[PDB]
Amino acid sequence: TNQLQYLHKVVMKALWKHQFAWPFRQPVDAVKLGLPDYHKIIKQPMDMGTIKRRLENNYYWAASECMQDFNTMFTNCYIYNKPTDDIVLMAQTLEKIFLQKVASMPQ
């Protein structure tokens, strides 16, 4: 659909190449990153690589379901990490852009 195309072509593109986006481009690998408690706390892992691939395979039926995936990703970061971690600031900056771009989604 139209909104899904916008979420792919405008929203995701602007988030993907942002200088803070690299921690969010691929699933958290808790082994490599030394986070053995990650999957005990985050029961619904999400990342922009998963969302992008889903957008490119007609996984989503509605824009709502893609935006919910974006929100889960960010919320996972706020929930798991300490308030003072830089990745909290990185997620907030990206989430602001997502909300701005979403406010301009076609209807």
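Position 1 is the first residue in the sequence shown; the rest follow in order. For clarity, a rigid core is taken as the largest C-alpha set superposing within 1.5 Å between two forms.
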>> Please tell me which region, 27-35 or 67-75, has C-alphas lying farther from the displayed form on average in 7 other deposited structures of this protein, with superposition done on the core.
In response: 27-35
> Comparing 63-71 with 33-41, where is the mean C-alpha B-factor higher?
Replying inline: 33-41
> In the PDB record, does 46-54 or 72-80 carry the higher mean Cα temperature factor?
Replying inline: 46-54
> Which third, lowest, middle or highest, does the CA B-factor of residue 87 fall in along this chain?
Replying inline: lowest
>> Sorting by Cα B-factor within the chain, modelled residues only, which third would residue 21 end up in: lowest, middle or highest?
In response: lowest
> Lowest, middle or highest third: where is residue 94 by Cα B-factor in its chain?
Replying inline: lowest
